[PDB]
Every structure is written in C-alpha cells, then in structure tokens.
Amino acid sequence: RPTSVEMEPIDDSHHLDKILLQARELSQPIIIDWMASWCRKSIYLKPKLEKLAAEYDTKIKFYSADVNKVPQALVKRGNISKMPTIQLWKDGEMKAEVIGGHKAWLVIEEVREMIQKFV
Amino acid sequence: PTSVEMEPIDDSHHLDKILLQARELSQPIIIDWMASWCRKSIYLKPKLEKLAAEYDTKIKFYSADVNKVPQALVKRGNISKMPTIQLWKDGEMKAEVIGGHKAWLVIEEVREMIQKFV
C-alpha cells in the first residue's frame, strides 16, 4: 500500500462524464476536490487529501478540478458556492460535499466521515 | 467623491471596448483581477473604490472576477497569483501589483504604479 496517492486532474466536462461511467462500472464512488491554484487555501490542503486517498486505494478514486484552469462548463458541474469544496459522487451524481475554510486536519476528518457514509 | 465604484468586466469583447475607449481619452486603466470564491480578494474592494475616487476623471478602475467571467477573459490577464491589480495603457498590460500584502501597503504600491504611467 502507498503512503500517498496523487489526485488525478479533471480537464473538462467530457473527462468528468467518462470518469463517472468508469466508476459506475466499478460500482464505486469518486472524490472530487474542487480547488483553486491561485487561492493559497486550496494548494495546501492537496497533500493532506493525497495521504487520505492512499488509505482508500482500489476502493475510491480521488480527482482534482482546478477552477482557475478548467473551462466554466466543468466549473458549472460543481455547483460551487464556497472554496475549497470536496465532493463525493456515485452513480453519475453528486451525493455529498465538505467545504474547507477550517484547519486542514478537521476538513480531512469531515471528508473521512463522508467516505465512510457512502463506501 | 469619497468612493467611486469599480465597473465589472463581463468578457473579452467588453475588455476590447474598454481598451479602445481609454486609448481615445489617452488614459491608463486599472483592472482588479479578483476571485469571489477566495476571501483574500474581496476584502480590498472598498479601499480600491476609495482610491478610484482620488483619480476620478484621470484613471478608470475595473474589476474582473476569475470565478464568474469566461476563461477567454481570464487568459488576457496572464494571472499567476491572486488578487492582481494591473495597469493597462495603449491596449496592453503595462504593470501589476500582486495584492498578497496588507491593504495600506497594496494601496501605496497601486499609487506608485499609477504615478509611473499617468
């Protein structure tokens, strides 16, 4: 088992559609970390999430979506109000989400609870 | 006036119109590139509007929210860090103040940038 699993970026809406199909085939949920590379609070939570992704290897794949680099069409699929936003998706839809803004380790413990509720 | 409100830039077409307008007046413009989903970007707005009043009829101030506008507009700013307060003149970016410091300091650096190109 690895100590860290890097999150795979999502490039566009088409890439999001493919990812959701691949997961449905596996009957697994996915995690989407909607982050913003020009906003400091999103670039620092990333390694904490990668540690959490390693604990769930072959059970839940983790992805990132940078709102500062992807088209507004993809950004729109996130229904973003505050940032960062970590969502759990299953069967082609958004099931739950955690909002950042708290200290990174409390955010991670909220994401862990969300995962346990749907894995 | 005490404070002049910054006009949002909706898209690239709007930006092109603004640059042509400013060129006719032989004036620079300020673009405040900010991110509404990032708190460190919105907290500076009243002080920039208070500064926009110090330069009323001399330099127009505009804002651009990277979290709301088309990516085509965002691309024009050639942004690396946020917020970024840029000075534009003769249809191009002339300089910038990366606003990741205390308000009083960011405002003095914007005054310095304006003085250099007005």
# chains A, B, ... in the order shown; residues from 1 in each chain; ligands from 1
>>> closest_atom_pairs(of="chain B", to="chain A", cutoff="6 Å", atoms="only C-alpha atoms", output="Markdown table")
| residue | atom | partner | partner_atom | distance |
| --- | --- | --- | --- | --- |
| B:37 | CA | A:82 | CA | 5.4 |
| B:81 | CA | A:38 | CA | 5.2 |
| B:82 | CA | A:38 | CA | 5.5 |
>>> write_last_selection(atoms="N, CA and C atoms", output="compact mmCIF listing (two decimals), in the first residue's frame")
# COMPACT_ATOMS: atom_id res chain seq x y z
N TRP B 37 -14.70 33.35 -4.83
CA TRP B 37 -14.57 32.13 -4.01
C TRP B 37 -13.27 32.13 -3.14
N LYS B 81 -0.70 34.79 -9.52
CA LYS B 81 -1.15 34.85 -8.13
C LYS B 81 -2.34 35.79 -8.02
N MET B 82 -3.17 35.63 -6.98
CA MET B 82 -4.37 36.43 -6.78
C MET B 82 -4.47 37.12 -5.40
>>> residues_around(residues="residue A:97", least_positions_apart="3", cutoff="9 Å", atoms="only C-alpha atoms", output="ChimeraX atom specification")
/A:85-89,94,111,114
>>> residues_around(residues="residue A:17", least_positions_apart="6", cutoff="12 Å", atoms="only C-alpha atoms", output="tab-separated table (two decimals) with N, CA, C and O atoms, in the first residue's frame")
chain	number	residue	atom	x	y	z
A	10	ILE	N	-9.03	16.68	-13.48
A	10	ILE	CA	-10.12	16.54	-14.45
A	10	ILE	C	-9.98	17.73	-15.40
A	10	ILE	O	-10.01	18.87	-14.93
A	11	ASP	N	-9.77	17.49	-16.70
A	11	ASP	CA	-9.54	18.55	-17.69
A	11	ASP	C	-10.80	19.29	-18.15
A	11	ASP	O	-10.75	20.51	-18.33
A	23	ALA	N	-16.37	4.71	-12.99
A	23	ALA	CA	-16.69	4.48	-11.58
A	23	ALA	C	-17.98	3.63	-11.41
A	23	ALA	O	-17.99	2.71	-10.59
A	24	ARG	N	-19.04	3.94	-12.19
A	24	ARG	CA	-20.32	3.23	-12.21
A	24	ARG	C	-20.10	1.73	-12.56
A	24	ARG	O	-20.70	0.87	-11.93
A	74	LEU	N	-17.09	22.93	-17.04
A	74	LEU	CA	-16.72	21.97	-16.00
A	74	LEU	C	-16.95	22.58	-14.61
A	74	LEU	O	-17.54	21.93	-13.75
A	77	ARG	N	-20.54	22.31	-13.40
A	77	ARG	CA	-20.95	20.97	-12.93
A	77	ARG	C	-20.71	20.77	-11.41
A	77	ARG	O	-21.30	19.88	-10.79
A	89	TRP	N	-19.10	11.66	-5.30
A	89	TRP	CA	-20.02	11.37	-6.40
A	89	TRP	C	-20.14	9.87	-6.56
A	89	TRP	O	-19.15	9.15	-6.44
A	91	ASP	N	-22.85	6.90	-8.89
A	91	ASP	CA	-23.91	6.63	-9.89
A	91	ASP	C	-24.24	7.87	-10.75
A	91	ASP	O	-25.41	8.17	-11.00
A	92	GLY	N	-23.18	8.55	-11.19
A	92	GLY	CA	-23.23	9.73	-12.05
A	92	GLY	C	-23.73	11.01	-11.43
A	92	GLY	O	-24.10	11.94	-12.15
A	93	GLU	N	-23.77	11.08	-10.09
A	93	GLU	CA	-24.27	12.27	-9.42
A	93	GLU	C	-23.57	12.58	-8.12
A	93	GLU	O	-23.03	11.70	-7.46
>>> atom_distance(atom1="atom CA of residue B:77", atom2="atom CA of residue A:13")
24.0 Å
>>> residues_around(residues="residue B:93", least_positions_apart="2", cutoff="10 Å", atoms="only C-alpha atoms", output="number ranges by chain")
B: 28-31, 76-78, 86-91, 95-96
>>> closest_residue(among="B:61, B:49, B:113, B:80", to="residue B:94", atoms="only C-alpha atoms")
B:113
>>> closest_residue(among="A:113, A:55, A:63, A:30", to="residue A:8", atoms="only C-alpha atoms")
A:63
>>> atom_distance(atom1="atom CA of residue A:79", atom2="atom CA of residue B:14")
25.8 Å
>>> closest_residue(among="B:84, B:115, B:12, B:36", to="residue B:59", atoms="only C-alpha atoms")
B:115
>>> atom_distance(atom1="atom CA of residue A:25", atom2="atom CA of residue A:9")
20.2 Å
>>> closest_residue(among="B:101, B:33, B:118, B:47", to="residue B:3", atoms="only C-alpha atoms")
B:47
